Amino acid sequence: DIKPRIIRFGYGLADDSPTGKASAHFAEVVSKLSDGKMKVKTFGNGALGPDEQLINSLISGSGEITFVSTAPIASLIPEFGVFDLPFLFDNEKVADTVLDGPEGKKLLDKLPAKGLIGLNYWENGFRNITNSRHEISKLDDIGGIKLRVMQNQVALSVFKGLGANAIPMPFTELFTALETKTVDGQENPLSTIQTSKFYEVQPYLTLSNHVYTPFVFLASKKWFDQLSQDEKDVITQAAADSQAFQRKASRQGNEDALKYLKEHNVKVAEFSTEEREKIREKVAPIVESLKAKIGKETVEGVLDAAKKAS
Ligand SMILES: O=C(O)[C@H](O)[C@H](O)[C@H](O)[C@@H](O)CO
């Protein structure tokens, strides 16, 4: 029961990013599993707008598939704000375990009420601080830095508490704001810093790995529900295949990215063990207040699953 369909897949990152190549890989798998009847068209690099617009496109049905960071979803479902808390996951293996486990599914299950199907989680990654004003190797260096953040009360509160002037902006506007120094800097994973070319206008990189961002791989519930079960099965099966492809490609891209940023002579700093301690204690009281905005059951449950995974 598989009829010809044309399926629109917009996203924010560059086509050459690991997740952009995973998007093409998803397109290829969907076609294979449907004998060429289901054809995914990808529109990368923000061609169909930033995350916030992609989410709305899926709700309304102008788009079929996207991947977005969890932060913008907090505007619909506050519990998704949990992943903007710093230092939640020690490594990617903890993240996978938690996201693919009951605490991750509890959140994905909140999406149909809002018109969305969370097919699964993909990896955006550990985020690192880039700027153009000065090296950031100490908590103190963050003070008064005009830092773009993702558009969520949790991101804004955390970085304001670390002393920065936190400027929420959509990702599609970020490059020009860095280039024009309307903002001093930003924080993203290395392979995004590379493939969106932020390093061209950001001479400083700090390997802070301060937050882990999941992507949600999403379908429009309106569109998905009118598929036949055989058609749904092509999508979910392709999504499981692409999740594994995406996570491997993300991790390898993270390694290639640091080399390219290094071998390209970007100035890379780290936070000391001590400075990282200072960071955690500055954020502690703010994380505690944000629980009320996120959802105390979600924060505590994610922390407990992270602990057992770890
Ligand atoms: O900095 C951000 O907003 C995010 O890390 C990503 O750029 C964003 O989730 C997506 O647009 C990526 O496709």
# chains A, B, ... in the order shown; residues from 1 in each chain; ligands from 1
$ residues_near_ligand --ligand "ligand 1" --cutoff "10 Å" --atoms "only C-alpha atoms and all ligand atoms" --output "number ranges by chain"
A: 10-15, 17, 19-20, 44-46, 49-54, 66-73, 124-127, 148-151, 168-174, 186-189, 192-193, 196, 212-216
$ residues_around --residues "residue 302 (chain A)" --least-positions-apart "3" --cutoff "12 Å" --atoms "only C-alpha atoms" --output "count of residues only"
34
$ residues_around --residues "residue 218 (chain A)" --least-positions-apart "5" --cutoff "7 Å" --atoms "only C-alpha atoms" --output "VMD selection string"
chain A and resid 65 to 67 116 to 119
$ select_by_dssp --residues "region 36-262 of chain A" --states "alpha helix (DSSP H)" --output "compact mmCIF listing (two decimals) with N, CA and C atoms, in the first residue's frame"
# COMPACT_ATOMS: atom_id res chain seq x y z
N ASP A 51 14.37 26.97 12.42
CA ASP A 51 13.66 25.93 13.16
C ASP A 51 12.22 26.34 13.47
N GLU A 52 12.06 27.55 13.98
CA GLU A 52 10.76 28.00 14.45
C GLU A 52 9.74 27.96 13.32
N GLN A 53 10.17 28.33 12.11
CA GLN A 53 9.30 28.30 10.94
C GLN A 53 9.08 26.88 10.44
N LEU A 54 10.13 26.06 10.48
CA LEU A 54 10.00 24.66 10.07
C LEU A 54 8.98 23.94 10.95
N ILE A 55 9.03 24.20 12.26
CA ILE A 55 8.07 23.60 13.19
C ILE A 55 6.64 23.99 12.80
N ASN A 56 6.43 25.26 12.51
CA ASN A 56 5.12 25.74 12.12
C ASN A 56 4.69 25.18 10.78
N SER A 57 5.63 25.02 9.86
CA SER A 57 5.30 24.40 8.58
C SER A 57 4.77 22.99 8.77
N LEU A 58 5.37 22.24 9.70
CA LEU A 58 4.92 20.86 9.92
C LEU A 58 3.55 20.84 10.58
N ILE A 59 3.34 21.74 11.54
CA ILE A 59 2.03 21.78 12.20
C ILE A 59 0.95 22.06 11.17
N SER A 60 1.17 23.08 10.33
CA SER A 60 0.18 23.44 9.33
C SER A 60 0.13 22.45 8.17
N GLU A 92 28.32 11.32 25.01
CA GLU A 92 27.30 11.02 24.02
C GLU A 92 26.61 9.70 24.28
N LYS A 93 27.28 8.80 24.99
CA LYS A 93 26.73 7.48 25.30
C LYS A 93 25.65 7.61 26.36
N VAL A 94 25.89 8.45 27.38
CA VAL A 94 24.83 8.80 28.32
C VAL A 94 23.67 9.44 27.57
N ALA A 95 23.97 10.38 26.66
CA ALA A 95 22.90 11.08 25.96
C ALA A 95 22.05 10.10 25.16
N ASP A 96 22.70 9.21 24.42
CA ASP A 96 21.96 8.22 23.65
C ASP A 96 21.08 7.40 24.58
N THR A 97 21.65 6.91 25.68
CA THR A 97 20.87 6.05 26.57
C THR A 97 19.64 6.78 27.09
N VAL A 98 19.82 8.04 27.49
CA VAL A 98 18.71 8.76 28.09
C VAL A 98 17.66 9.12 27.03
N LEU A 99 18.12 9.62 25.88
CA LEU A 99 17.23 10.06 24.82
C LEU A 99 16.44 8.90 24.24
N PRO A 102 13.22 5.82 28.50
CA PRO A 102 11.89 6.30 28.90
C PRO A 102 11.79 7.80 29.08
N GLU A 103 12.85 8.44 29.56
CA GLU A 103 12.75 9.88 29.75
C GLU A 103 12.72 10.61 28.41
N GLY A 104 13.42 10.08 27.41
CA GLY A 104 13.35 10.68 26.09
C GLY A 104 12.00 10.49 25.44
N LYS A 105 11.45 9.27 25.54
CA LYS A 105 10.14 8.97 24.97
C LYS A 105 9.03 9.76 25.66
N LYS A 106 9.13 9.98 26.98
CA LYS A 106 8.10 10.78 27.65
C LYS A 106 7.94 12.13 26.95
N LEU A 107 9.07 12.75 26.58
CA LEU A 107 9.02 14.05 25.89
C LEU A 107 8.53 13.91 24.45
N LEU A 108 9.07 12.94 23.70
CA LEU A 108 8.55 12.75 22.34
C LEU A 108 7.04 12.53 22.35
N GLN A 153 13.66 30.52 27.20
CA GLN A 153 13.92 31.19 28.48
C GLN A 153 15.07 30.53 29.23
N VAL A 154 15.34 29.26 28.95
CA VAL A 154 16.37 28.54 29.67
C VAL A 154 17.74 28.94 29.14
N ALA A 155 17.90 28.96 27.82
CA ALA A 155 19.17 29.40 27.25
C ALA A 155 19.51 30.83 27.70
N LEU A 156 18.51 31.72 27.65
CA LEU A 156 18.75 33.11 27.98
C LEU A 156 19.14 33.26 29.44
N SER A 157 18.46 32.52 30.32
CA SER A 157 18.70 32.64 31.75
C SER A 157 20.07 32.09 32.12
N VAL A 158 20.47 30.98 31.52
CA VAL A 158 21.74 30.37 31.89
C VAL A 158 22.89 31.30 31.54
N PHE A 159 22.87 31.86 30.33
CA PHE A 159 24.00 32.65 29.89
C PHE A 159 24.01 34.03 30.52
N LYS A 160 22.83 34.59 30.80
CA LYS A 160 22.76 35.81 31.59
C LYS A 160 23.34 35.59 32.97
N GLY A 161 23.06 34.43 33.57
CA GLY A 161 23.64 34.11 34.86
C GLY A 161 25.14 33.92 34.80
N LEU A 174 22.37 34.17 12.08
CA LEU A 174 23.54 34.22 12.96
C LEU A 174 24.81 34.67 12.24
N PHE A 175 25.08 34.11 11.06
CA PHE A 175 26.35 34.43 10.40
C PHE A 175 26.52 35.94 10.23
N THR A 176 25.49 36.61 9.75
CA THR A 176 25.65 38.03 9.45
C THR A 176 25.82 38.83 10.73
N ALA A 177 25.15 38.42 11.81
CA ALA A 177 25.32 39.09 13.09
C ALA A 177 26.74 38.93 13.63
N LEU A 178 27.37 37.78 13.39
CA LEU A 178 28.75 37.62 13.79
C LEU A 178 29.66 38.46 12.90
N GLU A 179 29.38 38.46 11.60
CA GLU A 179 30.25 39.12 10.63
C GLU A 179 30.26 40.61 10.86
N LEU A 190 31.17 21.91 17.04
CA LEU A 190 32.29 22.26 16.18
C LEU A 190 31.92 22.15 14.71
N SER A 191 31.28 21.05 14.31
CA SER A 191 30.98 20.84 12.90
C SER A 191 30.01 21.87 12.34
N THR A 192 29.21 22.49 13.20
CA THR A 192 28.40 23.61 12.74
C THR A 192 29.24 24.88 12.63
N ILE A 193 30.07 25.14 13.64
CA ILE A 193 30.99 26.27 13.53
C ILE A 193 31.73 26.21 12.21
N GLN A 194 32.18 25.00 11.84
CA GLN A 194 32.89 24.82 10.58
C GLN A 194 31.97 25.01 9.37
N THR A 195 30.91 24.21 9.28
CA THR A 195 30.18 24.12 8.02
C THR A 195 29.27 25.32 7.76
N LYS A 221 2.24 15.66 11.90
CA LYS A 221 1.25 14.64 12.28
C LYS A 221 0.11 14.63 11.26
N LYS A 222 -0.27 15.81 10.77
CA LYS A 222 -1.34 15.91 9.78
C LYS A 222 -1.04 15.05 8.56
N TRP A 223 0.18 15.18 8.03
CA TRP A 223 0.61 14.41 6.87
C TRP A 223 0.83 12.95 7.23
N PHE A 224 1.47 12.69 8.37
CA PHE A 224 1.82 11.31 8.70
C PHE A 224 0.58 10.45 8.86
N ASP A 225 -0.46 10.98 9.50
CA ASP A 225 -1.65 10.20 9.80
C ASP A 225 -2.42 9.81 8.55
N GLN A 229 -0.34 2.47 6.52
CA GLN A 229 0.56 1.87 7.48
C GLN A 229 1.85 1.44 6.80
N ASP A 230 1.75 0.92 5.59
CA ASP A 230 2.96 0.60 4.84
C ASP A 230 3.80 1.85 4.57
N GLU A 231 3.14 3.00 4.41
CA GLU A 231 3.86 4.25 4.17
C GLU A 231 4.48 4.74 5.47
N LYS A 232 3.74 4.68 6.57
CA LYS A 232 4.33 5.03 7.86
C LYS A 232 5.57 4.19 8.11
N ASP A 233 5.48 2.89 7.79
CA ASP A 233 6.57 1.96 8.05
C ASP A 233 7.81 2.34 7.25
N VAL A 234 7.63 2.82 6.02
CA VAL A 234 8.81 3.28 5.28
C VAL A 234 9.47 4.45 6.02
N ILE A 235 8.66 5.37 6.55
CA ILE A 235 9.22 6.53 7.23
C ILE A 235 9.91 6.13 8.53
N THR A 236 9.23 5.34 9.37
CA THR A 236 9.87 5.02 10.65
C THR A 236 11.12 4.18 10.43
N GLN A 237 11.06 3.23 9.50
CA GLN A 237 12.22 2.40 9.22
C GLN A 237 13.38 3.23 8.70
N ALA A 238 13.11 4.12 7.76
CA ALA A 238 14.16 5.03 7.29
C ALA A 238 14.69 5.88 8.44
N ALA A 239 13.81 6.29 9.35
CA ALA A 239 14.25 7.14 10.47
C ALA A 239 15.19 6.40 11.41
N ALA A 240 14.91 5.13 11.70
CA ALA A 240 15.82 4.37 12.54
C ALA A 240 17.17 4.21 11.86
N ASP A 241 17.15 3.90 10.57
CA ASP A 241 18.37 3.79 9.79
C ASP A 241 19.14 5.10 9.81
N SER A 242 18.46 6.22 9.58
CA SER A 242 19.15 7.50 9.50
C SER A 242 19.65 7.97 10.86
N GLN A 243 18.96 7.60 11.94
CA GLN A 243 19.43 8.01 13.26
C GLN A 243 20.83 7.48 13.51
N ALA A 244 21.03 6.19 13.26
CA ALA A 244 22.33 5.57 13.48
C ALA A 244 23.37 6.16 12.53
N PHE A 245 22.99 6.39 11.28
CA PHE A 245 23.91 7.02 10.34
C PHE A 245 24.26 8.42 10.80
N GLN A 246 23.27 9.15 11.31
CA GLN A 246 23.51 10.54 11.70
C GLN A 246 24.42 10.62 12.92
N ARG A 247 24.22 9.75 13.90
CA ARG A 247 25.03 9.85 15.11
C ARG A 247 26.49 9.52 14.83
N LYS A 248 26.74 8.46 14.05
CA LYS A 248 28.12 8.19 13.64
C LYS A 248 28.71 9.35 12.84
N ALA A 249 27.93 9.92 11.92
CA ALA A 249 28.48 11.00 11.10
C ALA A 249 28.71 12.25 11.93
N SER A 250 27.89 12.47 12.95
CA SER A 250 28.06 13.64 13.80
C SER A 250 29.35 13.55 14.62
N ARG A 251 29.60 12.38 15.20
CA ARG A 251 30.77 12.19 16.05
C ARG A 251 32.06 12.28 15.24
N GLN A 252 32.11 11.66 14.07
CA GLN A 252 33.26 11.78 13.19
C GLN A 252 33.42 13.20 12.69
N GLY A 253 32.31 13.88 12.39
CA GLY A 253 32.42 15.27 12.00
C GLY A 253 32.95 16.14 13.11
N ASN A 254 32.65 15.78 14.35
CA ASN A 254 33.17 16.58 15.45
C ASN A 254 34.68 16.49 15.51
N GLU A 255 35.21 15.30 15.25
CA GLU A 255 36.65 15.08 15.23
C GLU A 255 37.29 15.80 14.04
N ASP A 256 36.76 15.59 12.83
CA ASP A 256 37.27 16.31 11.67
C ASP A 256 37.20 17.81 11.89
N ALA A 257 36.13 18.29 12.53
CA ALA A 257 35.95 19.74 12.69
C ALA A 257 37.06 20.37 13.54
N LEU A 258 37.44 19.74 14.64
CA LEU A 258 38.47 20.33 15.49
C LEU A 258 39.79 20.41 14.75
N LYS A 259 40.17 19.35 14.05
CA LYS A 259 41.36 19.38 13.20
C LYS A 259 41.27 20.54 12.20
N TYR A 260 40.21 20.52 11.40
CA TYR A 260 40.09 21.62 10.44
C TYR A 260 40.13 22.98 11.12
N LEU A 261 39.52 23.12 12.29
CA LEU A 261 39.59 24.44 12.93
C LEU A 261 41.00 24.70 13.45
N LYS A 262 41.66 23.65 13.97
CA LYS A 262 43.05 23.72 14.41
C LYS A 262 43.95 23.91 13.19
$ select_by_dssp --residues "region 132-193 of chain A" --states "strand (DSSP E)" --output "list in words"
residues 146, 147, 148, 149, 165, 166, 167, 168, 185, 186, 187 and 188 of chain A
$ write_last_selection --atoms "N, CA, C and O atoms" --output "PDB file, in the first residue's frame"
ATOM      1  N   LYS A 146      28.520  39.964  24.355  1.00  0.00           N
ATOM      2  CA  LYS A 146      27.226  39.887  23.678  1.00  0.00           C
ATOM      3  C   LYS A 146      27.177  38.545  22.961  1.00  0.00           C
ATOM      4  O   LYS A 146      27.777  38.374  21.903  1.00  0.00           O
ATOM      5  N   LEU A 147      26.500  37.578  23.552  1.00  0.00           N
ATOM      6  CA  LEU A 147      26.469  36.221  23.037  1.00  0.00           C
ATOM      7  C   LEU A 147      25.069  35.904  22.512  1.00  0.00           C
ATOM      8  O   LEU A 147      24.093  35.969  23.264  1.00  0.00           O
ATOM      9  N   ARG A 148      24.992  35.540  21.241  1.00  0.00           N
ATOM     10  CA  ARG A 148      23.767  34.959  20.728  1.00  0.00           C
ATOM     11  C   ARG A 148      23.501  33.627  21.410  1.00  0.00           C
ATOM     12  O   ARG A 148      24.395  32.778  21.513  1.00  0.00           O
ATOM     13  N   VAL A 149      22.230  33.421  21.778  1.00  0.00           N
ATOM     14  CA  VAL A 149      21.718  32.154  22.259  1.00  0.00           C
ATOM     15  C   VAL A 149      20.479  31.738  21.462  1.00  0.00           C
ATOM     16  O   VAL A 149      19.903  32.514  20.700  1.00  0.00           O
ATOM     17  N   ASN A 165      25.737  39.062  27.908  1.00  0.00           N
ATOM     18  CA  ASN A 165      24.555  39.723  27.366  1.00  0.00           C
ATOM     19  C   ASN A 165      24.009  38.777  26.306  1.00  0.00           C
ATOM     20  O   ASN A 165      24.521  38.702  25.185  1.00  0.00           O
ATOM     21  N   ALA A 166      23.004  38.019  26.708  1.00  0.00           N
ATOM     22  CA  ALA A 166      22.466  36.920  25.927  1.00  0.00           C
ATOM     23  C   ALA A 166      21.408  37.454  24.975  1.00  0.00           C
ATOM     24  O   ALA A 166      20.423  38.049  25.412  1.00  0.00           O
ATOM     25  N   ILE A 167      21.635  37.259  23.686  1.00  0.00           N
ATOM     26  CA  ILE A 167      20.781  37.786  22.642  1.00  0.00           C
ATOM     27  C   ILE A 167      20.123  36.613  21.923  1.00  0.00           C
ATOM     28  O   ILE A 167      20.772  35.943  21.090  1.00  0.00           O
ATOM     29  N   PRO A 168      18.845  36.353  22.174  1.00  0.00           N
ATOM     30  CA  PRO A 168      18.168  35.296  21.413  1.00  0.00           C
ATOM     31  C   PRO A 168      18.087  35.699  19.950  1.00  0.00           C
ATOM     32  O   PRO A 168      17.747  36.835  19.630  1.00  0.00           O
ATOM     33  N   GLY A 185      29.584  36.829  19.659  1.00  0.00           N
ATOM     34  CA  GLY A 185      29.835  35.401  19.595  1.00  0.00           C
ATOM     35  C   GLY A 185      28.582  34.572  19.745  1.00  0.00           C
ATOM     36  O   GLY A 185      27.450  35.065  19.667  1.00  0.00           O
ATOM     37  N   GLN A 186      28.814  33.284  19.971  1.00  0.00           N
ATOM     38  CA  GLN A 186      27.781  32.265  19.773  1.00  0.00           C
ATOM     39  C   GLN A 186      28.318  30.991  20.397  1.00  0.00           C
ATOM     40  O   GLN A 186      29.480  30.933  20.827  1.00  0.00           O
ATOM     41  N   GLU A 187      27.459  29.975  20.463  1.00  0.00           N
ATOM     42  CA  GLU A 187      27.849  28.647  20.927  1.00  0.00           C
ATOM     43  C   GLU A 187      27.119  27.556  20.162  1.00  0.00           C
ATOM     44  O   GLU A 187      25.888  27.604  20.025  1.00  0.00           O
ATOM     45  N   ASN A 188      27.904  26.679  19.543  1.00  0.00           N
ATOM     46  CA  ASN A 188      27.346  25.603  18.731  1.00  0.00           C
ATOM     47  C   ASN A 188      28.351  24.462  18.740  1.00  0.00           C
ATOM     48  O   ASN A 188      29.458  24.626  19.248  1.00  0.00           O
TER      49      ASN A 188
END
$ atom_distance --atom1 "CA of residue 74 (chain A)" --atom2 "CA of residue 62 (chain A)"
21.4 Å
$ closest_atom_pairs --of "region 128-215 of chain A" --to "region 265-281 of chain A" --cutoff "7 Å" --atoms "only C-alpha atoms" --output "Markdown table"
| residue | atom | partner | partner_atom | distance |
| --- | --- | --- | --- | --- |
| A:136 | CA | A:269 | CA | 6.9 |
| A:137 | CA | A:271 | CA | 5.2 |
| A:138 | CA | A:275 | CA | 5.8 |
| A:139 | CA | A:279 | CA | 6.2 |
| A:203 | CA | A:266 | CA | 5.7 |
| A:204 | CA | A:267 | CA | 5.1 |
| A:205 | CA | A:268 | CA | 4.8 |
| A:206 | CA | A:269 | CA | 4.6 |
| A:207 | CA | A:270 | CA | 5.0 |
| A:208 | CA | A:271 | CA | 6.2 |
$ write_last_selection --atoms "N, CA, C and O atoms" --output "CSV table (one decimal), in the first residue's frame"
chain,number,residue,atom,x,y,z
A,136,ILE,N,38.4,33.3,25.6
A,136,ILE,CA,37.5,33.0,26.8
A,136,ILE,C,38.1,31.7,27.3
A,136,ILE,O,37.8,30.6,26.8
A,137,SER,N,39.0,31.8,28.3
A,137,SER,CA,39.5,30.7,29.1
A,137,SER,C,39.0,30.7,30.5
A,137,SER,O,39.2,29.7,31.2
A,138,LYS,N,38.4,31.7,31.0
A,138,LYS,CA,37.9,31.8,32.4
A,138,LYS,C,36.4,32.2,32.4
A,138,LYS,O,35.9,32.9,31.5
A,139,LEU,N,35.7,31.8,33.4
A,139,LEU,CA,34.3,32.3,33.6
A,139,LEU,C,34.3,33.8,33.6
A,139,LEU,O,33.4,34.4,33.0
A,203,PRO,N,37.5,34.5,15.5
A,203,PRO,CA,38.9,34.1,15.7
A,203,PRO,C,39.1,33.2,17.0
A,203,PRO,O,40.1,32.6,17.0
A,204,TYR,N,38.2,33.3,17.9
A,204,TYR,CA,38.3,32.6,19.2
A,204,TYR,C,37.3,31.4,19.3
A,204,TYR,O,36.2,31.6,18.9
A,205,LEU,N,37.8,30.3,19.8
A,205,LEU,CA,37.0,29.1,20.1
A,205,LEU,C,37.4,28.6,21.5
A,205,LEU,O,38.6,28.5,21.8
A,206,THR,N,36.5,28.4,22.4
A,206,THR,CA,36.7,27.7,23.7
A,206,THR,C,36.0,26.4,23.7
A,206,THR,O,34.8,26.3,23.4
A,207,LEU,N,36.7,25.3,24.0
A,207,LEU,CA,36.2,23.9,24.0
A,207,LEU,C,35.5,23.7,25.3
A,207,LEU,O,35.9,22.9,26.2
A,208,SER,N,34.3,24.4,25.5
A,208,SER,CA,33.6,24.4,26.7
A,208,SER,C,32.6,23.2,26.9
A,208,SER,O,32.2,22.9,28.0
$ closest_residue --among "A:23, A:120, A:91, A:34" --to "residue 217 (chain A)" --atoms "only C-alpha atoms"
A:120
$ atom_distance --atom1 "CA of residue 41 (chain A)" --atom2 "CA of residue 197 (chain A)"
24.3 Å
$ atom_distance --atom1 "CA of residue 163 (chain A)" --atom2 "CA of residue 201 (chain A)"
22.5 Å
$ closest_residue --among "A:64, A:35, A:84, A:200" --to "residue 290 (chain A)" --atoms "only C-alpha atoms"
A:84
